[PDB]
Amino acid sequence: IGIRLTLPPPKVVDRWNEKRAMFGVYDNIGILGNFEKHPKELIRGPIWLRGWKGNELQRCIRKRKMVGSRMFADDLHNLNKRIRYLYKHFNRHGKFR
Amino acid sequence: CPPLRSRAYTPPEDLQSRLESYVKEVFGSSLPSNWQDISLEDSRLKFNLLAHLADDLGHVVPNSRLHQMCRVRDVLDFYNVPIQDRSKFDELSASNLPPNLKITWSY
Amino acid sequence: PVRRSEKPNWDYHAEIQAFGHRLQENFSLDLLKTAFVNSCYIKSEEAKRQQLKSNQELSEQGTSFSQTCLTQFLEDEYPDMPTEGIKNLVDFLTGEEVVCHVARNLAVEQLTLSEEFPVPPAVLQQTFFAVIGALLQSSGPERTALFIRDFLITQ
Amino acid sequence: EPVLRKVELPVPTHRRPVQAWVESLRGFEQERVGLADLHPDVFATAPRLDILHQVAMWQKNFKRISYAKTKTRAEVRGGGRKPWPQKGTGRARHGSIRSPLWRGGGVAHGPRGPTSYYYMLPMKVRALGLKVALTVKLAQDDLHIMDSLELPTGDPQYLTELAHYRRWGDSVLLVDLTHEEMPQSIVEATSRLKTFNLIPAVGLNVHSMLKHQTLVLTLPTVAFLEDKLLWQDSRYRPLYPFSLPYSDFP
Amino acid sequence: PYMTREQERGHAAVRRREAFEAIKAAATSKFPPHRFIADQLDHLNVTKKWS
Amino acid sequence: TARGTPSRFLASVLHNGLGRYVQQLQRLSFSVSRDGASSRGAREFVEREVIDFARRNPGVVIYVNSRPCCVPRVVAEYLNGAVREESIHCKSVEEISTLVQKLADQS
Ligand SMILES: [Mg+2]
Ligand SMILES: [Mg+2]
Ligand SMILES: [Mg+2]
Ligand SMILES: [Mg+2]
């Protein structure tokens with residue numbers, strides 16, 4: 001059949017937890033603070049991703065050159081293969097030339 | 001702490017002469033003709049006038065409408081508008097209801 | 001099935017007035033109330049309360065008027081008809097089933113106070129004649145005659 | 001002694017300054033202790049609702065990094081050999097058991113790696129954003145100006161009951177000038193209150209202002225905001241990042 | 001027929017021409033419409049509470 | 001589809017037009033919410049039209065409930081005893097008004 005037969009437990013979302021309350025504070029660190037820091041210095045996450053944006057192919061190129069040495073053997077083989085795939089896809093395939 | 005006070009306001013009958021009194025206090029006893037024309041460009045006098053009116057009448061000019069009070073006439077015309085403060089259930093219940101209509105309230 | 005009184009969004013007072021207004025009849029509301037309150041109900045009510053006037057007068061007057069009114073109409077329309085004929089024809093019109101049909105679709109049963117739901121047809125018929133009797137006291141013979149014509153003759 | 005405040009930075013000729021009532025937190029009945037003039041360009045500009053949306057959307061999305069990934073057909077374990085010959089059986093032809101079609105297979109077009117959604121709105125746009133948000137607060141009687149965020153006591157129930165008495169609303173944003181020189185009394189009070197929030201001036205943003213029903217500012221902070229937001233127009237284009245020394249910036 | 005060829009020559013030319021200007025005028029008057037502030041602010045009404 | 005669905009013959013209740021016309025709509029039940037966009041359209045219907053509508057047809061008893069709900073609705077009840085439910089939901093005052101008229105002039 002494949003449809004639930006009772007209502008799931010109700011979800012309560014605390015809109016006034018500390019994380020929700022102080023969301024987006026210091027986004028104006030630059031203009032309000034003499035330009036000591038760019039807002040892109042509030043970004044946390046991957047080394048190859050802090051304050052940068054690109055398509056999949058570009059992201060892979062970047063991860064290869066920035067954390068390529070330090071990554072695991074099989075992971076890196078997977079990444080080298082990804083790049084090979086995407087290279088052919090983007091250069092040789094598609095609707096428009 | 002004092003109890004919360006109602007936002008309801010009815011303009012009094014002697015508003016004209018009460019404003020006469022307040023202006024002649026703040027701007028001094030000597031008063032030129034057409035006192036409605038007196039400009040409130042002066043910041044200090046504006047404050048003094050509006051404070052006296054706010055303390056006694058109970059109703060205050062909001063932050064939004066303050067720059068609109070350019071002249072004394074503007075203050076007079078502002079205080080002659082009434083504010084009636086009640087929930088929408090109360091206002092509808094006593095709003096000349098036809099007897100067939102019924103309104104209930106589950107809040 | 002339970003009576004509409006025992007269901008959400010119900011005020012009997014406002015409904016009573018609307019019953020008057022639906023039929024474009026200026027009823028005396030006090031009398032109309034008195035028309036809808038059965039004797040069976042008051043006995044049950046007394047017994048229940050243990051742990052107000054009957055319909056009797058209004059109902060009798062209603063039925064007696066309707067009988068005479070209907071004969072008048074029928075004798076004027078069909079003069080060649082015999083006495084026994086029109087007797088049976090009025091009796092059909094003032095019948096249990098047909099009058100209760102009218103009652104049902106005029107929401108008489110909705111405002112009827114009875115011990116038993118759904119309402120026994122004897123009681124419902126008695127209640128309908130009480131309505132006519134109250135209307136008779138309300139707006140004289142003329143208006144009531146028009147009401148009979150508009151409801152019973154049409155059957 | 002009435003508390004009067006004028007605008008230090010020069011105003012345009014055609015524009016006139018707006019006024020705001022000045023109140024203090026010291027008493028419940030200590031509204032209307034002073035009057036203030038605000039610069040019309042910051043506090044009385046055109047309501048641009050598109051700009052609020054623009055800035056708000058940038059604020060929500062620019063920090064976001066996606067952590068979702070899925071394995072493609074190449075990345076799924078096994079699936080080397082051809083399951084059976086093409087021609088021979090009655091079966092539908094396959095090249096690998098890990099194809100998208102198969103159960104247990106890799107994903108055809110799935111979430112791919114850590115993804116960044118970082119972009120920058122232009123500076124002048126974010127500045128204008130702050131301006132609109134501030135006008136909108138004062139237009140709708142949601143903005144309040146205070147001499148100081150000084151409290152008679154650190155008891156957090158005093159602050160709640162004052163907001164109730166002054167019809168501020170359920171959520172209040174408190175802004176002070178500097179983080180270090182924030183009063184003891186307000187910090188104690190606001191620390192254990194969910195809906196009331198204390199930020200320094202540099203913290204202020206569009207999102208919080210929209211989230212909170214009230215915006216409360218100090219007289220120090222109002223002069224500061226005017227300075228910086230008004231600086232944004234009437235400046236040149238940069239030759240180099242403004243963090244570097246100029247002949248007149250900081 | 002009624003008029004000969006000579007008679008009808010240029011008899012309708014004015015009406016023909018002035019009709020073509022009507023076309024050109026309409027063709028040359030397609031432009032983006034006016035943006036009003038009234039509708040933009042009206043989007044606030046979506047949250048309009050009873051109390 | 002005609003085969004796929006039931007049929008009736010044309011009728012009225014109790015030969016409506018014959019003697020006097022009787023309005024068949026007897027009761028109307030409006031469920032609205034104090035807050036929330038769904039009931040917004042309906043909210044202002046109760047601001048203006050409800051009152052004059054109720055005057056226009058004294059036969060109908062109107063009940064307005066005003067309780068929290070994600071979908072505002074109207075329950076039309078008829079003399080014969082049919083019940084028609086209609087979800088007003090996110091509808092403009094004007095298209096809500098058209099609905100309420102359409103209900104009132106049918107059996
Ligand atoms: Mg493989
Ligand atoms: Mg293959
Ligand atoms: Mg193959
Ligand atoms: Mg899998």
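Thresholds, definitions, all that
- Residues numbered from 1 in each chain as written, not as in the entry; some residues may be left out.
- Chains lettered and ligands numbered in written order.
- Part of a larger assembly, values for the part shown.
- Heavy atoms only, no water.
- UniProt positions renumbered as here; feature names shortened; annotations may be inferred.
- Buried < 20%, exposed > 50% of the residue type's maximum accessible area, 1.4 Å probe, protein only.
- Helix = DSSP H or I, 4+ residues; strand = E, 2+ residues; numbered from the N terminus.
- Pairing = 2+ DSSP bridges.
- Right-handed = clockwise from strand over helix to strand, strands pointing away.
- Contact = heavy atoms within 4.5 Å.
- Buried area = accessible area lost by both parts, 1.4 Å probe.
- Salt bridge = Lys/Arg side-chain N within 4 Å of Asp/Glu carboxyl O.
- Polar contact = N/O pair within 3.5 Å; in protein donor to acceptor, adjacent residues only side chain to side chain.
- 1 Å grid on protein atoms, 1.4 Å probe; cavity = no way out; pocket = protein on both sides within 12 Å on 5 of 7 lines; lining within 4 Å.
- Points joined across faces, edges and corners; volume = space filled by probe spheres on them.
- Nonpolar A, V, L, I, M, F, W, Y, C, P; charged D, E, K, R; others polar.
- Disulfide = S-S within 2.5 Å.
- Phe/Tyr/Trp six-rings, centres within 6.5 Å; stacked < 30°, edge-to-face > 60°.

Going by the PDB entry, chain E carries the name Ribosomal protein 63, mitochondrial and comes from Homo sapiens. Here the PDB entry's recorded title is "Human mitochondrial ribosome large subunit assembly intermediate with MTERF4-NSUN4, MRM2, MTG1, the MALSU module, GTPBP5 and mtEF-Tu". UniProt, in the comment section headed Sequence similarities, describes chain E in these words: "Belongs to the mitochondrion-specific ribosomal protein mL63 family."

Per the PDB entry, chain B carries the name 39S ribosomal protein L50, mitochondrial and comes from Homo sapiens. As stated in UniProt under Subcellular location, the record for chain B gives "Mitochondrion". The UniProt entry for chain B carries the following comment under Sequence similarities: "Belongs to the mitochondrion-specific ribosomal protein mL50 family."

What follows covers the pairing of strand β8 (residues 196-200) of chain D. All names here are of chain D. The buried fraction of β8 amounts to 5 of the 5 residues, a majority that puts the element mostly inside the structure. The alternating pattern of β8 places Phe196, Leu198 and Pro200 and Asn197 and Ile199 on opposite faces, both of which are buried. Where strand β7 (residues 172-176) lies against β8, 5 bridges are found, and the strand directions are parallel. In the strand pairing of β8, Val172 is matched with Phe196. Where the polypeptide runs from β7 across helix α5 (residues 184-191) and back to β8, its parallel neighbour, the crossover connection is right-handed.

Right, let's talk about the interface of chain D and chain A for a bit. Across the contact, 47 residues belong to chain D and 35 residues belong to chain A. Buried area between chain D and chain A, both sides added, is near 3,600 Å², and the carbon and sulfur share of it is 62%. Across the pair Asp27 of chain A and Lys63 of chain D runs a salt bridge whose closest N-O atoms are separated by 2.7 Å. Our count for the chain D to chain A interface comes out at 12 residue pairs in polar contact. Elements with a minimum of two residues in the side of chain D that touches chain A: α2 (49-61), β5 (115-116), α3 (123-139), β8, α6 (206-211) and α7 (219-232) of chain D. Broken down by element, the side of chain D that touches chain A gets its largest block of residues, 5 residues, from α7 of chain D.

There is about 140 Å³ of room inside the largest cavity. Lining the largest cavity are 15 residues, and of these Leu106 and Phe151 of chain C together with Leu14, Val22 and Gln24 of chain F lie nearest its centre. Considered class by class, the residues forming the lining of the largest cavity number 7 nonpolar, 5 polar and 3 charged. As for the second largest cavity, its lining consists of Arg3, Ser5, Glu109, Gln110, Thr112, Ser114, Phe117 and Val119 of chain C. For the lining of the second largest cavity, the residue count by class is 2 nonpolar, 4 polar and 2 charged.

Using the criterion set out here, one finds 0 disulfides over all chains in the structure. Unpaired in terms of disulfides, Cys70 of chain F finds its nearest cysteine sulfur in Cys69 of chain F, a separation of 7.4 Å.

To continue, consider the pairing of strand β2 (residues 61-64) of chain F. Residues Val61 and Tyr63 of chain F point to one face of β2 of chain F and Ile62 and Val64 of chain F to the other, with burial holding for every one of them. The pairing of strand β1 (residues 101-103) of chain B with β2 of chain F spans 3 bridges and is classified as parallel. Within the sheet, the bridge partner assigned to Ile103 of chain B lies in β2 of chain F and is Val64 of chain F. Note: strand β1 (residues 25-31) of chain F against β2 of chain F, 4 bridges, orientation parallel. Residue pairing for β2 of chain F: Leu28 of chain F is matched across the bridge by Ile62 of chain F.

In this structure the tally under the stated criterion is 22 aromatic pairs over all chains. Ring centres of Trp105 of chain B and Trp50 of chain E lie 6.4 Å apart, and the angle between their planes is 40°; this geometry places the pair in the tilted category. Of this pair, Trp105 of chain B sits in the segment after β1 while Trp50 of chain E sits in the segment after α3 (37-42), placing the two residues on different chains. You can call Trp50 of chain E buried: its relative accessible area is 9%.

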